[PDB]
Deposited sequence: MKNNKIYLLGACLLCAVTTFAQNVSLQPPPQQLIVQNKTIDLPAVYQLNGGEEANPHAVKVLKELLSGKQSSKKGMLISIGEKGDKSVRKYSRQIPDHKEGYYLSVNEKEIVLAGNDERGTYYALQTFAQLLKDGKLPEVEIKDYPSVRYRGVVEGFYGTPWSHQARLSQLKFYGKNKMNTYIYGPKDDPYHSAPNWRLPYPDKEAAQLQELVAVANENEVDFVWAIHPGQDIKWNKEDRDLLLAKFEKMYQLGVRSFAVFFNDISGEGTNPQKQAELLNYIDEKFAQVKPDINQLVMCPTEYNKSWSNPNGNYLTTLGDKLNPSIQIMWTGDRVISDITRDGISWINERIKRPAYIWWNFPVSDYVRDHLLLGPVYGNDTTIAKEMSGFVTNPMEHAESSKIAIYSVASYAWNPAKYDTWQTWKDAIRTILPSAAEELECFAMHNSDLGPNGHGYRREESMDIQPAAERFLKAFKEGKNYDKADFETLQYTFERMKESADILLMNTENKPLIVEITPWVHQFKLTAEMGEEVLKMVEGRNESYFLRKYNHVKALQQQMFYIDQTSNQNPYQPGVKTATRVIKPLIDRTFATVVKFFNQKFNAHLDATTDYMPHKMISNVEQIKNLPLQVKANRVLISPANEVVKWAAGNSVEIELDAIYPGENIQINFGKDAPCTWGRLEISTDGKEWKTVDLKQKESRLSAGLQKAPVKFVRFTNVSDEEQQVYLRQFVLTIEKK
């Protein structure tokens, strides 16, 4: 397994030992970040360098002629790690480290390069911005998965948005950003610093200059990429004319004036089809005026949506360039009581040429976003070979090797968003879903329930329980466990409720009553967790397994308690 999977892979069913004694060619001339990892990883010749370096002159025709491309070869006599550019050589070694198993390598040859030019994460949700340590750890992660873009733009950071966008960061925050930029460079990620001025911007030279001086200050901290965000604002800052003016002005007097500026990106006010006016001008203006080199961000047909051929041809035609995709998943800032831990899917795998970048807007839970981010990295680099389910499992196993089955069990039933203002849904729990649909069917009309379905429901509950208890105590990735703990509790309780509801479906009158009282106590523990964990202004609480598992239990409870209330004439409460 290689994530992301290379564009070209030939494997000989032979395997070389990692060389006990070796000879290093090119250590002094190849990318120092690439060379560090290699030296870290460990007579026989190993050749490392970029195209044009002496060490790799012999393989110069093997090396793909693509930005970030590389050639990698292992066989008995030599090893080659040769990039088309420095980032390519870094990537060559990210692939290398995934092959080295027990101090052994397969004999292979790889020609590799990304299908989409910019691949990464936009930290652009509403809510508590990632902590400093969460960001350090993200950046190492992006580098390993060949993500090359990090767009820093937290809605709730006041030096990024209204009104302190005009002020230089204070010293503590500045020294921190400076460290983020450095770690980004070492992992070969563009740190793109976004600014969001449009809520209170005045279209005068005074504000235009304070913006420039803001950028200038960021440049002094080490930033080499920039963005200007116009999303979700009202007022005079929505003027398309003024926006493109301001972006071209920044282009002409800043990006074009400094030696080493990489990405310059804007995010439009109308940023999805659904919100663009058919007869108004917003998007054709932008397409016509913005200097060709300036990227434009786009979320798809709606604020939350998957990217299709129709969707992206539609946008590319109006902005006269290929859209830079802002994909709003696994972001959950509008369903803050759900975790979105399922697979990444729904995005057309044939349209690499029609996009200039693909970024994911993640959750406010940094570590839990790693499942989707790994997947988005695998997709943006090699969409043609994009495998939904296998990537999801690879992610989990990379993120928590010591309890990967347990993490899969939990994430499998934490995928859906539940009903929401954007109408966007994910599958969840399809494994146990057929058995649940049947078993329920049987009851609400009257016929028998199948013993196989029943045993499976009971096997599910039992596995949910082991997984919850194993995850709570896992110390391999504590930060992930802190994020998900409230949901782990809810999940354990849901499964205990399900085991008790099934026992009601199998006996004698006072057993049924004990179970019924146990269930009511379990309901209340859930209400408790729901009222006191994750109490945020917007969707307070903790919901879990809500697509199939919860409604299954709530209904098998109402029904067995209905049967009872008439076969014994009692008045038991049946709500949930």
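_Regions of the deposited sequence not represented in the model_ = No coordinates exist for the deposited residues in 1 to 24, 67 to 74, 539, 610 to 737, so these stretches are absent from the model.
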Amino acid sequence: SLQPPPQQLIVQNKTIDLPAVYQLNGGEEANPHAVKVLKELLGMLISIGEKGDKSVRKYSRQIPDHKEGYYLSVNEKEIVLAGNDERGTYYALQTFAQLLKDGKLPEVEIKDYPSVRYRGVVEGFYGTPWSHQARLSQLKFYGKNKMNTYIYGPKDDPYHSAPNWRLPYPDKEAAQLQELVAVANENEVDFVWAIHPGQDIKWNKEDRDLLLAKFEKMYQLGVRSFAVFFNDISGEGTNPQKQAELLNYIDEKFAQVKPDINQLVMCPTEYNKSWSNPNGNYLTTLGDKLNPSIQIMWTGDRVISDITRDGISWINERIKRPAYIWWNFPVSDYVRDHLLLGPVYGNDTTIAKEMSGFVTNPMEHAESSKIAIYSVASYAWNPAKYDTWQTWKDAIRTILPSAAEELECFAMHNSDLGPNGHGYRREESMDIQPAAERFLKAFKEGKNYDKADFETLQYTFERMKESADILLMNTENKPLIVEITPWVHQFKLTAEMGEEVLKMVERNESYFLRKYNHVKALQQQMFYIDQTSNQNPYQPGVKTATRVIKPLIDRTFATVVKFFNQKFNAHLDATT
From here on, numbers count along this sequence of modelled residues.
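*Using the B-factors recorded in the PDB entry, average over the C-alpha atoms of 544 to 552 and of 508 to 516, then report which stretch comes out higher.*
Result: 508 to 516.
_Higher-scoring stretch by recorded Cα B factor average, 113 to 121 or 286 to 294_ = Averaged over C-alpha atoms, the B-factors run higher in 286 to 294.
*Report the option among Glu445, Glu496, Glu428, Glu188 whose CA atom has the maximum B-factor in the deposited record.*
Among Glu445, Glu496, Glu428, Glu188, the highest C-alpha B-factor in the entry belongs to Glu445.
*In the PDB entry, which of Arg87, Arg318, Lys140, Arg302 has its C-alpha at the highest B-factor?*
If I rank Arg87, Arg318, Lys140, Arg302 by C-alpha B-factor, first place goes to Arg318.
*Could you tell me which third, lowest, middle or highest, the C-alpha B-factor of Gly27 occupies within its chain?*
Highest third, going by the recorded CA B-factors of the chain.
_Third assignment of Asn347 from its chain's C-alpha B-factors_ = Within its chain, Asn347 is a lowest-third residue by C-alpha B-factor, going by the deposited values.
_Using only modelled residues of the chain, where does the Cα B factor of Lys258 rank: lowest third, middle third or highest third?_
Middle third, going by the recorded CA B-factors of the chain.
*Would you mind ranking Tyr59 by its C-alpha B-factor against the rest of the chain and naming the third, lowest, middle or highest?*
Its C-alpha B-factor belongs to the highest third of this chain's values.
*By its CA B factor, does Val331 count among the lowest, middle or highest third of the modelled residues in the chain?*
Ranked within chain, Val331 CA B lands in the lowest tercile.
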